[PDB]
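*Asks:* please find the sequence and an experimentally derived structure below.
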Amino acid sequence: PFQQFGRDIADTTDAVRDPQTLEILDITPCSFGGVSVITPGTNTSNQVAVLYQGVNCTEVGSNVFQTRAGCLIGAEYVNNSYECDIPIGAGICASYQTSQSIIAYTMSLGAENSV
Amino acid sequence: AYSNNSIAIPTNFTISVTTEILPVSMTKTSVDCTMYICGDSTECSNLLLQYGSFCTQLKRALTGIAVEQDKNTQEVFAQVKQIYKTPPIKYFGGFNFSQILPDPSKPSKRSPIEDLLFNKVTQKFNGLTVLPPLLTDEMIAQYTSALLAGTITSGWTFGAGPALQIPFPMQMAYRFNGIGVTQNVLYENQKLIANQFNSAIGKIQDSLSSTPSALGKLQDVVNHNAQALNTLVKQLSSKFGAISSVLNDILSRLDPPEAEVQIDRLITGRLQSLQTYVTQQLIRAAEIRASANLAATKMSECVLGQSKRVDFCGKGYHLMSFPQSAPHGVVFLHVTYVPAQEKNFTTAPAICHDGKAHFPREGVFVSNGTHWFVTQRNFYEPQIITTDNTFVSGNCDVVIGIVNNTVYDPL
Amino acid sequence: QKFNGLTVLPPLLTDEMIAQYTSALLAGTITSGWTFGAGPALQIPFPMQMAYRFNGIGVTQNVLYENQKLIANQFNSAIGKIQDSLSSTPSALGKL
Amino acid sequence: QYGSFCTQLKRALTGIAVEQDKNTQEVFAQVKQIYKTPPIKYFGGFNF
Amino acid sequence: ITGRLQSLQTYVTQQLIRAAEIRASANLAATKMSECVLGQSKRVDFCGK
Ligand SMILES: *[C@@H]1O[C@H](CO)[C@@H](O)[C@H](O)[C@H]1NC(C)=O
Ligand SMILES: *[C@@H]1O[C@H](CO)[C@@H](O)[C@H](O)[C@H]1NC(C)=O
Ligand SMILES: *[C@@H]1O[C@H](CO)[C@@H](O)[C@H](O)[C@H]1NC(C)=O
Ligand SMILES: *[C@@H]1O[C@H](CO)[C@@H](O)[C@H](O)[C@H]1NC(C)=O
């Protein structure tokens, strides 16, 4: 009844009670982070793909894909698995392959062989 | 007990399995200056824009550390070229690899040892972010399973070149010939060795859960990372020789003439904190890279092949090694060969017969008090001394300690 | 203890303990060979151990058994020479 | 009121001391028992 | 205060680097002990010339 503020292990305000009504609400910082650009060689092509690290796609090419690393804009997901050259993060890789566009896909460990 | 004519040769052996845990990678992190040092204040941005170019070095060092950490796990688990799979019929000559092989019943294809290890060891306001690893848990598990399948089905052949199938008892016989004991020992004592292997696997499975201190290296790594992050966050909220820690109070209380000095002091303090953080991170990254190189070398010389190095792939004579995934590390299961029961005898360097000195060919002469036999060094297998077990060289007078006995001629 | 708060802590293992460990290792390698590292210590005469080492390097056991005295004399001379050398040149301890 | 560096200083120094203690521990203690030579030191003509 | 804190930080940074070098040397010494004293080594130029 007498407490008004809230504070986490790192001494940062977590929840604050508004002085007028008897309600308590959390305080979460609105989304921030870094941005990255995925492109092949500039001689190979000119298209680029932009990855927003650690932000949901709601906060943010017309293609939008939700990766565990972040939001990927400008690349499309494929139901395949290739030996990837551009590591995006969390098992997802991108490459420039066919009429031609950047494609995001899960890594392939290798050919499956049963001795 | 040392004597001029006394030698102790084992008569039995015990198969022992040991565990070694080695760190491989540490958590990837990034720092944003503007969000950390002041937190999107226009005055701080304007001042720091003209205050050096440290942030470029900070970001470059952090990115290099993250790339190196990604490479660390890449160079340890991806030593195989293909994803080998075990045959559906899991007999393996009486050996129970269930505790190390993946369990299809569990939703995640992870071995019971890996499950126990993972059960034991399980965006900040200031601009601290933790990047995800490129290789997920399932990918490392698949790599470990492929390595296990290769070493079970083909032996060491899948590392030198194409995978060549071989029955597991024959592979164990080859390992025994590698350590010095002959193949007969294994073929006659197959069931006992299988039982010892299963018992050792069960015992290490129980031990990994009995003592929680086995995962100390990985626990220390994660604790160090958490301590560094928490120390940075706590140290941000410090006076640093200023009127107040919160920049809002300075910017709303006093005029620019001394607010500039206050914010400059805060800038210096936070820059020093970031520099210390990245220096410690670089030192820790160097240590982790050394550990990862050691782990990769151990994988190469113990899992992909038998090692003659002493005390490298276990305690004793090395036979096999099985890798297991772990949070920010790898666990090695080392199977070793240890003599058990020692019996001493009387030995002589050579035998004098018809003025001809006979020397043992890959063996040692052994006497029980009334007759002399020849046997291997690491196991007691007496044999009648003949002209094929021994070779003749030199005369009888030169050797010191030579004894007289009769050698049988097959012809 | 320096005036500025500098203190040097003593090592957990003393000189005598390290000397005892070294002596134990020497006794093991002299009496048993390499057996005390793999498992239980197994006694073996030193000439037989040297013959095993010779077979390890490629030369046959005959070479040692026929030339035992010469090898013993060479070993003693080498030990004496290194003992003299460790005192002749003070630069050997440069790392420490 | 001036930061908390001294905790990091002391922790780093203590970790260094612990590692230095471990260094000598992992080099000389590879044997499990304290073997002793026999009283008669012949050793086949070798002078140890 | 700032001067002495900087001096202490430099001292412990150099001490950490030297400790890393000494740890590498100690690991090498332990490996040499294991592969030369506890057993014969087939590695070339590792346990002598
Ligand atoms: C303030 O006024 C509001 C009007 O709805 C009332 O609900 C609230 O209880 C008042 N403040 C207090 C005493 O909590
Ligand atoms: C791009 O690739 C083409 C063909 O491979 C090559 O001729 C060209 O030199 C490359 N660009 C650069 C900047 O090297
Ligand atoms: C590709 O995978 C997604 C993921 O569930 C799925 O929704 C989609 O149908 C797949 N594509 C095809 C052609 O089936
Ligand atoms: C074996 O060693 C024991 C003491 O350890 C000794 O009494 C015995 O005589 C030895 N055996 C032979 C055959 O000399």
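*Replies:* Perfect, I can see it now. Numbers count the residues shown, from 1 in each chain, chains lettered A, B, ... in the order given. Ligands and ions are numbered 1, 2, ... in the order given.

*Asks:* where does stretch B:25-38 sit relative to the chain's centre, distance-wise?
*Replies:* Relative to the chain's own centre, stretch B:25-38 is displaced by 31 Å; criterion: C-alpha atoms, centre = their mean, to the nearest Å.

*Asks:* and that stretch, does that touch chain D?
*Replies:* No. Stretch B:25-38 does not reach chain D (C-beta under 8 Å from any C-beta of the partner chain); its nearest approach is 15.3 Å. For every residue, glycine as well, the C-beta is placed using N, CA and C.

*Asks:* is that stretch up against chain A anywhere?
*Replies:* Yes. Under the criterion of C-beta under 8 Å from any C-beta, stretch B:25-38 makes contact with chain A via B:30, B:32, B:35.

*Asks:* do stretch B:64-76 as well
*Replies:* Yes. Interface with chain A: stretch B:64-76 contributes residue B:70 (C-beta under 8 Å from any C-beta).

*Asks:* all strands of the chain, in order?
*Replies:* Just going to use chain A. With DSSP state E as the criterion, chain A has strands at A:15-17, A:24-26, A:35-38, A:49-53, A:64-66, A:70-73, A:76-82, A:86-89, A:92-97, A:101-107, A:112-113.

*Asks:* um, chain B though
*Replies:* Using DSSP E, strands in chain B cover B:6-23, B:28-31, B:83-84, B:128-131, B:317-326, B:329-346, B:351-353, B:356-360, B:364-367, B:372-375, B:383-384, B:390-392, B:403-404.

*Asks:* most packed of these?
*Replies:* Among those, strand B:317-326 has the highest mean neighbour count (mean count of other C-beta atoms under 10 Å in any protein chain shown), at a mean of 24.

*Asks:* packing partners for that one?
*Replies:* helix B:112-120, helix B:137-153, helix B:168-179, strand B:329-346 (3 or more C-beta pairs under 8 Å, 6 or more residues apart in numbering or on different chains; DSSP states H and E).

*Asks:* how does it look with 6 Å?
*Replies:* helix B:112-120, helix B:137-153, strand B:329-346 (3 or more C-beta pairs under 6 Å, 6 or more residues apart in numbering or on different chains; DSSP states H and E).

*Asks:* what's the second one packed up against?
*Replies:* Other elements packing on helix B:137-153 under the criterion 3+ C-beta pairs under 6 Å, 6+ apart are strand B:83-84, strand B:317-326.

*Asks:* who wins for proximity to ligand 4 among the strands of chain B?
*Replies:* strand B:329-346 (3.8 Å; C-beta to the nearest ligand atom).

*Asks:* for chain A, which residue gets nearest to chain D?
*Replies:* residue A:11 (12.3 Å; C-beta to the nearest C-beta).

*Asks:* show me what residue of chain B gets nearest to chain D.
*Replies:* Counting by C-beta to the nearest C-beta, chain B gets nearest chain D through residue B:2, at 4.5 Å.

*Asks:* and that residue, how many residues sit next to it?
*Replies:* Residue B:2 has 19 neighbouring residues, counting by other C-beta atoms under 10 Å in any protein chain shown.

*Asks:* so it touches residue C:31, yeah?
*Replies:* Yes. Residue B:2 is within contact range of residue C:31, at 4.9 Å (criterion: C-beta atoms under 6 Å).

*Asks:* overlap in contacts, these two.
*Replies:* Residues touching both residue B:2 and residue C:31 (C-beta atoms under 6 Å, 6 or more residues apart in numbering or on different chains): residue C:43.

*Asks:* which ones are touching residue B:116?
*Replies:* Contacts of residue B:116 by C-beta under 6 Å, 6+ apart are B:208-209.

*Asks:* correction: residue A:55
*Replies:* Residue A:55 neighbours (C-beta under 6 Å, 6+ apart): A:31, A:33, A:70-71.

*Asks:* buried only: go through the residues you listed for me.
*Replies:* Among the contacts of residue A:55, the ones that count as buried by 16 or more other C-beta atoms under 10 Å in any protein chain shown are A:33, A:70-71.

*Asks:* how about the strands of chain B, which one is nearest residue A:52?
*Replies:* strand B:128-131 (11.8 Å; C-beta to C-beta).

*Asks:* before we move on, back to that, and of the residues of stretch B:25-38 next to chain A, the nearest to residue A:17?
*Replies:* Once C-beta to C-beta is applied, the member of the residues of stretch B:25-38 next to chain A that ends up nearest residue A:17 is residue B:35, at 26.9 Å.

*Asks:* surely that closest one and residue B:127 touch.
*Replies:* Yes. With contact defined as C-beta under 6 Å, residue B:35 reaches residue B:127; the gap is 3.3 Å.

*Asks:* can you put the contacts of residue A:55 in JSON lines and add distance to residue A:1?
*Replies:* As requested, these are exported to JSON lines (distance: C-beta to C-beta, whole Å):
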{"residue": "A:31", "distance to residue A:1": "34"}
{"residue": "A:33", "distance to residue A:1": "39"}
{"residue": "A:70", "distance to residue A:1": "42"}
{"residue": "A:71", "distance to residue A:1": "43"}
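
*Asks:* nearest to chain B among the residues you listed?
*Replies:* residue A:33 (6.1 Å).

*Asks:* who touches the closest one in this structure?
*Replies:* If you count contacts by C-beta under 6 Å, 6+ apart, residue A:33 has them with A:53-55.

*Asks:* could you redo the last one with a cut-off of 10 Å?
*Replies:* Applying C-beta atoms under 10 Å, 6 or more residues apart in numbering or on different chains to residue A:33 gives the contacts A:52-55, A:59, A:70-71, B:30, B:32, B:35, B:123, B:127, B:129.

*Asks:* let me see the contact set for the residue in chain B positioned nearest to chain C.
*Replies:* Residue nearest to chain C within chain B (C-beta to the nearest C-beta): residue B:8, separated by 3.9 Å. Going by C-beta under 10 Å, 6+ apart, residue B:8 touches B:1, B:339, B:342-345, B:347, B:380, C:32, C:35, C:40-44.
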